[PDB]
Amino acid sequence: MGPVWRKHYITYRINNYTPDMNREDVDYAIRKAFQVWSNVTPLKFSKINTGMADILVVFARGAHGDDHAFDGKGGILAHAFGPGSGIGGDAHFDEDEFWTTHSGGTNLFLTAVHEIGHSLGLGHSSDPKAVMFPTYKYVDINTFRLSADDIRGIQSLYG
Ligand SMILES: COc1ccc(S(=O)(=O)N(CC(=O)NO)CC(C)C)cc1
Ligand SMILES: [Ca+2]
Ligand SMILES: [Ca+2]
Ligand SMILES: [Ca+2]
Ligand SMILES: [Zn+2]
Ligand SMILES: [Zn+2]
């Protein structure tokens, strides 16, 4: 007797894949985006296309009943939630948009780091250097790191 856990394994699955690029790249961006946080936090992400996952990545295109569901080339990028019931855990992205591996446009990996942040449950940061922030900035993948302000935020997640 002695049940214990604290996430450990973030099992995730994508609902569909942006045909805009090669699927490999599509999951690569979101994979890597997770991985970034999965490196810093003790969380261990795991994509599984075959089975049942804990969270779900909802790429939807100008559809689904919401207030700000999704919209075309601009407007909403993506919205997702960690600490909540039902949808909580799961992460929704504007498939309507033409996301790009290259920085030019909207980089999937870039936005993904923030939405993955939502799913893990990180609090909205308030510094332009953080990626969890509600704002956007053209972060250079050359650097590939999280801000100090961000890092305290993520470590706030005891699990
Ligand atoms: C890190 O990637 C982001 C991309 C877009 C935005 S946004 O400012 O266009 N926006 C969407 C968003 O925050 N998604 O998580 C909120 C908007 C209502 C101002 C924010 C972060
Ligand atoms: Ca949009
Ligand atoms: Ca959920
Ligand atoms: Ca798309
Ligand atoms: Zn929605
Ligand atoms: Zn946000």
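Residue numbers in this text run from 1 along the chain shown.
For this deposited structure, the header notes the method as solution NMR.
Just so you know, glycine gets a Cβ as well, placed from its N, Cα and C.
Taken from Swiss-Prot, the feature Ca(2+) 1 binding site applies to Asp20, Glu95, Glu97. DSSP assigns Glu97 (Ca(2+) 1 binding site) to coil in the three-state reduction, placing it in neither a helix nor a strand. All chains included, 25 other C-beta atoms sit within 10 angstroms of the C-beta of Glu97 (Ca(2+) 1 binding site).
Residues near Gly88 (Ca(2+) 2 binding site) in space but far in sequence (CB under 8 A, at least 6 apart, same chain), listed by position: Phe81, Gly82. Feature annotation from Swiss-Prot assigns Ca(2+) 2 binding site to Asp54, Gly86, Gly88, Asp90.
All protein chains shown were included, and the count of other CB atoms within 10 Å of the CB of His92 (Zn(2+) 1 binding site) stands at 23. Residues or ranges marked as Zn(2+) 1 binding site by Swiss-Prot: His64, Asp66, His79, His92.
Taken from Swiss-Prot, the feature Ca(2+) 3 binding site applies to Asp71, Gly72, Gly74, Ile76, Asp94, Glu97. Summarising the environment of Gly72 (Ca(2+) 3 binding site), the number of other Cβ atoms within 10 Å of its Cβ, over all protein chains shown, is 12.
According to Swiss-Prot, the active site annotation covers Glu115. The Cβ of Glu115 (active site) lies under 8 Å from the Cβ of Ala33, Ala78, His79, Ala80, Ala91, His92, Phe93, each of these being in the same chain and 6 or more residues away along the sequence. Under the three-state DSSP scheme, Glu115 (active site) falls in the helix class.
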Fill in the blank from the handout: Candidates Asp54, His64, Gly86 (binding-site residues) passing the 10 Å Cα cutoff around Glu97 (Ca(2+) 1 binding site) are none
Exercise for the section: Just name the winner among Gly74, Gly86 (the binding-site residues) by count of other CB atoms within 10 A of its CB. Expected result: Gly74
Practice task
Rounded to the nearest Å, what's the C-alpha distance separating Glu95 (Ca(2+) 1 binding site) and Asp71 (Ca(2+) 3 binding site)? Just drop the number here, would you?
Solution key: 9
Problem - Residue among binding-site residues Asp54, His64, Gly86, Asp90 with Cα closest to the Cα of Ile76 (Ca(2+) 3 binding site) - result: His64
Handout entry: Additional residues around Zn(2+) 1, ordered along the sequence, whose Cβ is within 8 Å of the centroid of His64, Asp66, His79, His92
Key = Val58, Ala60, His68, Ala69, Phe70
Practice task
Compute the C-alpha separation of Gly74 (Ca(2+) 3 binding site) from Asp66 (Zn(2+) 1 binding site), stating it in Å without decimals.
Solution key: 17
